[PDB]
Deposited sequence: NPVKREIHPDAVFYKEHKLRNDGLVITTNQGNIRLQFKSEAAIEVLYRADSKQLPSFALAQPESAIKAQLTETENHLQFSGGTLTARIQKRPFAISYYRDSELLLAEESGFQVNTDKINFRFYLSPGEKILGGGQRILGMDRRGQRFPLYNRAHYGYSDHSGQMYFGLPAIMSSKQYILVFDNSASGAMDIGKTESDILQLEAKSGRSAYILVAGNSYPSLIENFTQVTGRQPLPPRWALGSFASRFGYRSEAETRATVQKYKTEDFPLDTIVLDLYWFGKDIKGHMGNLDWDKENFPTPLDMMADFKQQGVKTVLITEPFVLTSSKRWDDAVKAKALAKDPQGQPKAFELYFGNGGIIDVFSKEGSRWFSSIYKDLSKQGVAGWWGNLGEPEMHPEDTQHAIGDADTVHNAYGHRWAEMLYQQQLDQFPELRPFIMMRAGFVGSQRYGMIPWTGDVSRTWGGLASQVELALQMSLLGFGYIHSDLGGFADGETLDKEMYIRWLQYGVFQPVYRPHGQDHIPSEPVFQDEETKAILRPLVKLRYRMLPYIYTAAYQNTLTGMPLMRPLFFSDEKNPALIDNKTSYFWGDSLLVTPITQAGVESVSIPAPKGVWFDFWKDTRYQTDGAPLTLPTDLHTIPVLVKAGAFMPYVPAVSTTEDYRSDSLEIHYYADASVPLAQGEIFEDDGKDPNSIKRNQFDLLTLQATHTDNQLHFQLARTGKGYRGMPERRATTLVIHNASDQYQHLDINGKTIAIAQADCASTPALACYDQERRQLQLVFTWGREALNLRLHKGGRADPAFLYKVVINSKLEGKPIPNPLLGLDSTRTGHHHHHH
């Protein structure tokens, strides 16, 4: 039994006093509030908030039985007796406390009937997690397939169909019960740590995510090369083998930006060497030459590092001596048995651990390393009596990887202020995106079920801040012989998800260049397609940096007033315009795609479909997976290159999908130098926009460029605009008032400026796109 006693308004925050203690409410923006219970006491600081000490002016009003604390869109309604806070956007009930806070740490809230709940991060349980209970304790799930209540990267956060996000801003071993134990109760609990939650509201799912990333952090734009092709396996055993793999990509004509080196770079065996963090010179004898030779071919090098230093490693004595390791309660270095052997964990929460670890990254980055892979940051083993500078293992567990990322991000920005850090990690916390974390879904089995779970995993992480969530393409764990069909399907899906990184245990090849002729004839043009689509992908990335909009969006974005779509985890949006339906079983002959009402085109075949609600049945083939294009889409391409180091947009090819049903459409292409962390902030970019206006007798395109440009930017781009489903009635074209006749023959066979292909229903326009506005008008 809890009740209101008294309140103060101080430094813009409302401090309430109950019979059981102090509660501090600070608005972190107009649509986001931090509620800290036990505000009187010493607690761990926030990990989730990008600006933990901010509070914006709010309107407090008092009545008899209630208080009302309001920012712009979000209102906290604080009932006095019994004490219960509830949350409103306008006068719509988002979320009400039941008992609220208790003692362990425990928060309890009501769930409205029919409310659907996404969240928890990586779980394979269904998209609506209501009716489920699971732990908040990051932990490996080696060889998972079609089920998991607990894996590498949990998030103490949910997204509701009421269009709010709730963050349990707590790093400790805990649990989430989403109306499982009691129908109508959401319960959050932890063993220790901060007793705080954060509620964020939105008018729509895009605005919600914008609001969320506003307060938890925005991903800075990764380097363009992160959207390229990675060569990876576990693992290249030598410099010779790694040079041969870069060579194989060249001699097989597959694009390649980055080669990833697994744990054999620092020692000849899986066991016994972890913590060396230095080249195994018997197997990598000339690594500066190696990395420089690769950079001559436009190829970057990424190295795996782990949080553990083994007692058998070259660096044990030094790490002990520097006080870099986490300690036991006696106060000496804590050592424990890992798979790899006996060892300690680097204390990234301490000054001495951070400096020691940072110095090692600095030395290797100076040698040529372009990016970093941080593996096992759950941490994979983490005994409860391990003591970090700010708390014990069970208190800090779910923030270890988060702090590892922050440490490494700050370090890379300090060493290379003109480059974008590349940081790939397995485990983090809410807001780790603000440190550039690129997560992957761990050690997935080489099974169809492993593939069939990846969309669910990607969407759950994308919705809560992680745009670059991806999988080990082809599958990682076990298997004895390649499942060729599953592999092909996985690398096809690969094209339409955030990072193109095939990776697996090296008894079966993960790289597409090591596959048979049929497999390479299928995948080679799709990996080239990935490169041709870089303007589309990089523009989605730019939008993610601006607004948190993820690259993969769920089907439920298409209709916010149909909550039944929340369950779908087989069809998703890649950017604004493509609905992708991966094939997740062997031998599937056709698919039923639940395309939103409107007009859609087969991406591969140009076929036009219209639907008023009913699904579309498409046949399948081995060469592709089913992709529909939304009418009104602008799909931009550039010619395929071997490496994004050679990237050029001097030649653009843009495909517009016309339909009279879409009378107004827009597209955007974001260009910059692909490497500068300050390009957006300083406006050192070239933002191309395209607007189509489609009426009964006219189709009109308005083209423009904004931004201050960048070094090497083309002043003029050769542009081919291909209009799919173009009317055969268009008589003439004006380009900036200059009339041009539309040829009706020989389009593929003449240097035609405007030509209609009657057999394909495509109108092709070729022109020069310079810095000034350009208007193209077609009239009947």
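Next on the checklist: Missing CA coverage against the deposited sequence, listed in sequence order.
Outcome noted: Sequence ranges with no C-alpha atoms are 1 to 10, 114 to 116, 794 to 835.
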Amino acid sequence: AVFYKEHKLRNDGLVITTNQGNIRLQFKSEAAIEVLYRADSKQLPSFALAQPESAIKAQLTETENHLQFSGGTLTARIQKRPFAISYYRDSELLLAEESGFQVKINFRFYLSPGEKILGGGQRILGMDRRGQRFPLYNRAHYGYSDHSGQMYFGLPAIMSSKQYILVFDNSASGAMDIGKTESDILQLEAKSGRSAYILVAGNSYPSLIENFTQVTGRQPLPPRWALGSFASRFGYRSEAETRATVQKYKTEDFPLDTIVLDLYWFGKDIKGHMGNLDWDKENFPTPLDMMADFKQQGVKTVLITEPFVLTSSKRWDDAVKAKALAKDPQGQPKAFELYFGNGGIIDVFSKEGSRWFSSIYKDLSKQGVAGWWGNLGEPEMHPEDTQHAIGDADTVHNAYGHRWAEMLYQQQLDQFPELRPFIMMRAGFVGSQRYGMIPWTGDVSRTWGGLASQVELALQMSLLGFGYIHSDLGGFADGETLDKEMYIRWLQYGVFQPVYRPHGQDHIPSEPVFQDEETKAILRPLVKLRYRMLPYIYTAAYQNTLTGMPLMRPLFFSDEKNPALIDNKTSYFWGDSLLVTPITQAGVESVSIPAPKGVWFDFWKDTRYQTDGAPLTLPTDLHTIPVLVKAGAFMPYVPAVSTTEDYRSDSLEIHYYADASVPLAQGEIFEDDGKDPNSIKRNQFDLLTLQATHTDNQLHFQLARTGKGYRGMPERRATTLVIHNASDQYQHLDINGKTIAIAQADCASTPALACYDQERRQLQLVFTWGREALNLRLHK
From here on, numbers count along this sequence of modelled residues.
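Next on the checklist: If you average the CA temperature factors as listed in the entry, which stretch comes out higher, 261 to 269 or 91 to 99?
Outcome noted: If you average the C-alpha B-factors of 91 to 99 and of 261 to 269, the larger mean comes out for 91 to 99.
Checklist entry - For the stretches 5 to 13 and 756 to 764, which has the higher mean C-alpha B-factor as given in the deposited record? => result For C-alpha atoms only, the mean B-factor is higher in 5 to 13.
Item to check | Peak C-alpha temperature factor (PDB record), options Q729, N725, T61, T719 | outcome: By C-alpha B-factor in the record, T61 ranks first.
Next on the checklist: Using only the C-alpha B-factors in the record, can you name which of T481, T73, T305, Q505 has the highest?
Outcome noted: In this record, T73 carries the highest C-alpha B-factor of the candidates.
Checklist entry - Which third, lowest, middle or highest, does the CA B-factor of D672 fall in along this chain? => result As the PDB entry reports it, the C-alpha B-factor of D672 lands in the lowest third of its chain.
Checklist entry - What third of the chain, by the recorded C-alpha B-factor, contains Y361? => result Its C-alpha B-factor belongs to the middle third of this chain's values.
Checklist entry - Can you tell me which third, lowest, middle or highest, the CA B-factor of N398 falls into for its chain? => result For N398, the deposited C-alpha B-factor lands in the middle third.
Next on the checklist: By the recorded C-alpha temperature factor, relative to the other modelled residues in its chain, which third is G391 in?
Outcome noted: Middle third of the chain for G391's C-alpha B-factor.
Next on the checklist: Is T519 in the lowest, middle or highest third of its chain when residues are ranked by C-alpha B-factor?
Outcome noted: Ranked within chain, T519 CA B lands in the lowest tercile.
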